[PDB]
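As a starting point, one isolated chain is supplied in structure tokens, in the form deposited in one PDB entry.
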């Protein structure tokens, strides 16, 4: 049974722009999917519908178990606990150390403080930054900051992880390091949806590719090629 089920979804913004124009996508638990397509296609609108920042107008949508057509306002935080998000402009808390940043991601969802030390150190092992446990974000490279943003996003073991252009401002070597981390997270079972314009990553680290244009899925292929010139 699917962890994300989108059927005939429509989203039209108030200025009349139909950003999702009948979108159907079914993602099984543990899948890794790239979301690709030209600027303005609807990738961000698609991503943001998955954590209920965007409300759909028509269609059905279930994410991480939750029916997003029916979900009550007060329960959106429960959906958010199950959906880790690496914002394209993810900003760490500048006056918190790496440890405090990751720990806060647990405290803020109500986790027991008793669970924090073990989990934070486990995720620092995962991302390979145990030695930066006391660093502040400004002391880290861009690639290190992104790895800590990913650590924050997965700290509560969400069912789904969404990453909006996680390598978009990283050089090739750092981009591959972020991809190695996301791949290891996926092998642990976490479902990953990643919006991206990096054809080399998509064409080399082959996964499912969902291409969106003008609000429509135009291609949905296993181990897919990138398919665009930009």
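So that the term is clear: the rigid core is the largest set of C-alpha atoms that superpose within 1.5 Å between two forms. Positions refer to the first chain, counted from 1.
S.K.: When the Cα temperature factors in the entry are averaged, is it 125-133 or 72-80 that ends up higher?
M.R.: The deposited B-factors put 72-80 ahead on the C-alpha mean.
S.K.: Select between 153-161 and 93-101 the stretch whose C-alpha atoms have the higher average B-factor in the entry.
M.R.: On average, C-alpha B-factors are higher across 93-101.
S.K.: Between 169, 60, 186, 44, which carries the biggest CA temperature factor in the record?
M.R.: Going by the entry's C-alpha B-factors, 169 comes out highest.
S.K.: Among the modelled residues of this chain, does the Cα B factor of residue 25 put it in the lowest, middle or highest third?
M.R.: Highest third - that is where residue 25 ends up once the chain's C-alpha B-factors are sorted.
S.K.: Would you mind ranking residue 8 by its C-alpha B-factor against the rest of the chain and naming the third, lowest, middle or highest?
M.R.: Answer is middle: the recorded C-alpha B-factor places it there.
S.K.: Mind checking which third residue 191 falls in for C-alpha B-factor across the chain?
M.R.: Within its chain, residue 191 is a lowest-third residue by C-alpha B-factor, going by the deposited values.
S.K.: Comparing against every modelled residue in the chain, figure out the third that the C-alpha B-factor of residue 108 lands in (lowest, middle or highest).
M.R.: Its C-alpha B-factor, which the entry lists for residue 108, ranks in the highest third among residues of this chain.
S.K.: By its CA B factor, does residue 205 count among the lowest, middle or highest third of the modelled residues in the chain?
M.R.: Ranked within chain, residue 205 CA B lands in the middle tercile.
Below, we refer to the form deposited in another entry, which is not included among the displayed structures.
S.K.: Is residue 139 one of the residues whose C-alpha moves 2 Å or more between this form and the one not shown after the core fit?
M.R.: No.
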